[PDB]
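Which chain is which? They are A, B, C, D, E and F, in the order written, and residues in each are numbered from 1.
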Amino acid sequence: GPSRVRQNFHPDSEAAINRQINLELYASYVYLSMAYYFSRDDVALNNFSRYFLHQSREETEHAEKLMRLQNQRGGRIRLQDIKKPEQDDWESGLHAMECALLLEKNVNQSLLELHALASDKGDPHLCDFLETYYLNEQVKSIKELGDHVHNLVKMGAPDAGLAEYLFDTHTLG
Amino acid sequence: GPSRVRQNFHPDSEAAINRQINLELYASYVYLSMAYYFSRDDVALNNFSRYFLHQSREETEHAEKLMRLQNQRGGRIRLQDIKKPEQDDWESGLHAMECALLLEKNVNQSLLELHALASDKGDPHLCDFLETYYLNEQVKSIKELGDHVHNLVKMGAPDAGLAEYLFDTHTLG
Amino acid sequence: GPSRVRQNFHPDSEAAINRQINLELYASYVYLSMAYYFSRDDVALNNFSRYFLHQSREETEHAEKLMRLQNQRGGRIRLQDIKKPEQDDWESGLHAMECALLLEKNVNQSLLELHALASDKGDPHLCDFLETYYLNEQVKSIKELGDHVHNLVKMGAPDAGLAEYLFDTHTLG
Amino acid sequence: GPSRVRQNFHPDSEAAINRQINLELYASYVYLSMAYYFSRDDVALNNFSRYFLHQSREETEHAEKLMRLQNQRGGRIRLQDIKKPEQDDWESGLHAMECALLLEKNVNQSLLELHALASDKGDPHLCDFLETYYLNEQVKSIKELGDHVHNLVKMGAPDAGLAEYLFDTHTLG
Amino acid sequence: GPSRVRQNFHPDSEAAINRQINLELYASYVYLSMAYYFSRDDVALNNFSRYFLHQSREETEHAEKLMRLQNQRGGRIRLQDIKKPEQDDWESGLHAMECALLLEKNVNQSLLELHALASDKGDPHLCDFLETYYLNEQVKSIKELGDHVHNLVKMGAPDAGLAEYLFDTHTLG
Amino acid sequence: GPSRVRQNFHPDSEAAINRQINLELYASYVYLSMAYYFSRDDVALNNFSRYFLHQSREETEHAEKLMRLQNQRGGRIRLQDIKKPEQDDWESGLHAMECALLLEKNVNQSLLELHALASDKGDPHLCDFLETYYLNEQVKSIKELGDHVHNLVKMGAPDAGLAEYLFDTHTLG
């Protein structure tokens, strides 16, 4: 106190990074919930399931990279409860994809606020870290999810009987 | 009489194993009937056919493993007639899948009764045999069949013209 | 009704093919019974066992090929109960081999009657099918079984202590 | 309601499986916390860190396997908040290893209670599942952790300056 | 005292495991005695010898696996004298095979009693351990030995001059 | 009686070889006891454990080679009980190594007495056998154990906290 490594690292930045770690862990848990929704016997869309499981693991990688940043900069990780997701029953392939898009946008908004704080505190290491590993990948995620929602809507999901089935097998497969 | 190998093997267990052999053979025959239904010129769903043929051969393996158990434990195999299946015309892909699910549940109920008898007779070898090779594989079968029924129902089988065709080619293919 | 494929296919032929399917399934079951007789702890002739198990699976292939014929020609498969074999205890290697020879001759007689019916109905496709895949293989089976019975008799089976043991290990091995 | 797959699956078992999923997720989070403790600049035991990170990921696999069980049996996954770990600062290599041992014993106690419930409800599938994938691996974990605690204590951790360093490099390396 | 690893491990179970270790070591020694009987100049059945030597080493593996279990569960191994086998002269191939069958049945009875104790003490880890590694392999051993005794008896051992010689070379070879 | 192979083989030599077989078996059992001491949760020196297990198996090879000698020369193996080791708790790495050194010296003394008897009976085959396979390997064993005791003593075992740990990992590893 301070860490022998710490330099140009504002306590506000340290706290905002702890908040972002919790949000990334929360996103992981939402996607895990979605993944196991799709392997229910009364849903059975295995490629939706694999899709969301892959998203869940990516979100864990995002959290861990922020944990490593906290250690590298000499901050102290403070973990909080990971809240359960808003739903256990995600209703349909389309509904899950829309919820995921909203979640990604919300996480993006949090990262942009983190970048604005980093800029305000004159922390270019932290600004570069967010630009290099977070902002770019959030834009790509939001765009992929938007594509998926569009196709599902057009195909007539969730009511058209063939739509989620064909999308599972041809886009997510 | 007794076999020089026989030990801790109740005559009731021996008889219940003979009953289970007949039931597994019967399941084999039901699936064989289903397999050749699907290769009729007026049905022509070749991947449904291959699916059920594969199930038929698995059921024979289940029967033979119980026959080997009877020999290993010093019991005497007693074969009975294998009754013909309830239908020759299985009506549709969905109807066959629903019949198969009911059959698997009925076989599962028989295996659970066998396990309860084995437990009542303090035969842990026989309990372990059922747990190791039967109970797990029945749960997986029932869950796969449930998935298949769900997708076919959702896709609009049997009346929707594309449903069984697309399921044949994309799930069972 | 009729099938759009059906041509030059007499209802009598269709019914006789259904009878032959049942007989081939029955032969399969007789050989399965024999196979598991030989792996009893008080018989223990593992190569007799493998021999009969191989015969059992061949008989299933014979049945399925007739089922496929029924579908190809536009007939409708009608399955019946598969009767249990005449014995559970097949007494000796020699006795089983003699029973198998009698069974093969009985199946051969049924196939020859099927060929005579096919000829009477001017169905050369069906005559050729039987000649190509059945008649030749039945002659070879009957001759192999006759060879086996001869050697076992000469060696002094079933009473000579070394005969079935040595035949198991040197002919069937 | 009920699921078309559900059979011999007691609502009490379904609820106890949901509780176990939460506990396995909690164990994952405790080990993640431990992993990033060890990569602090003022702790810097990289092999302790890798050790606990590996434990964290194993605990996630345990949770997911129970989620899959819930789906296979026709139960409905109900997720709850994942509570934060008891400490952010785990004090020493030895202290973390002692906390992990206590955690593993607590999880083991929960699994044994689950097995007793499964037995009481005559669910042998569920009993076998726990025996096959959980009970054995918990015993091995507890024994490994006990070995580690013993060696660290004997070597004079945490006060002896070389102990955690040498253990990091020679046992965990 | 107690071990830091010990959990749900009854002192009665610990003592019964020590008794089983001694019995497995004793079985090893009986088979070692048998192995070197068969390589006497006045017996000279080298494949009987290799057979029993292989059995001896398997029995040591069984003992060591129970020793490892004792350590894993936090019990304390207590070794006792290994009694010498009942005979130094095992009389014939058939007589040794009959003695081995009796020994295997006696060990099986001891394992079944251990399982009943484990069940009575609500130790499912210990029940699963016995089912997974012991009960199955004892049934297979007893059945193999029964097969061997049957063939030797039928062939006319021990008085028929060719019987043990031919069995040595064709079954055990 | 005598064996048709027996020549220049004194009954005293035959009896002393039986005594040596028992002693080698006893040494095997002492080392087995030591091996499983080191894998206790409260000892946990896995390389000490592997070391002693390797010694145990070597001692069995020594016993079997003497059994083969007895058969080759036309003597008759007479087995006796294998006494349990003097301790179940071997106290420390150093204490076990000192006990092993004493055991090896005691076995060496027995082999030297056997050689003196062989010489007195003018049995050069037996003298050469002991020189070729026993005396040389005992000297090497005693010297290795002496080296190990020296290093452990110098390093400050058993009280110095790092000594047995470092020796486990660097000498025995």
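What we mean here is this: a residue touches a chain if its C-beta (ideal position, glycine included) is under 8 Å from a C-beta of that chain, and two chains touch if they have at least 3 such contacts.
Least step count on the touch graph, chain C to chain E: 1.
Annotation: 64 Å between the Cα-based centres of chain C and chain F. Centre to centre, using the average C-alpha position, chain B and chain E are separated by 37 Å.
A straight line joining the Cα centres of chain A and chain E is 58 Å long. Among the residues of chain E, those touching two or more other chains are numbered 3-5, 71, 74, 127, 143, 146, 150.
Chain pairs that touch, as defined above: A-B, A-D, B-C, B-D, B-E, C-E, D-E, D-F, E-F. Across the interface of their complex, chain B is touched by residues 41-44, 161-162, 164-166, 169 of chain A.
The touching residues of chain A, counted against chain D in their complex, run 3-5, 29, 32-33, 36-37, 39-42, 64, 67-68, 70-71, 74, 76-85, 88-89. By the touch criterion given at the top, residues 101, 105, 108-109, 112, 115-116, 119, 127, 130-132, 135-136, 139-140, 142-143, 146, 149-150 of chain D touch chain E in their complex. If you check the complex, the residues on chain D that touch chain F are 143, 146-148, 150-151, 154-156, 160, 162-163, 166-167, 170-171.
Across the complex, chain D is touched by residues 3-5, 7-8, 71-74, 122, 124-125, 127-129 of chain E.
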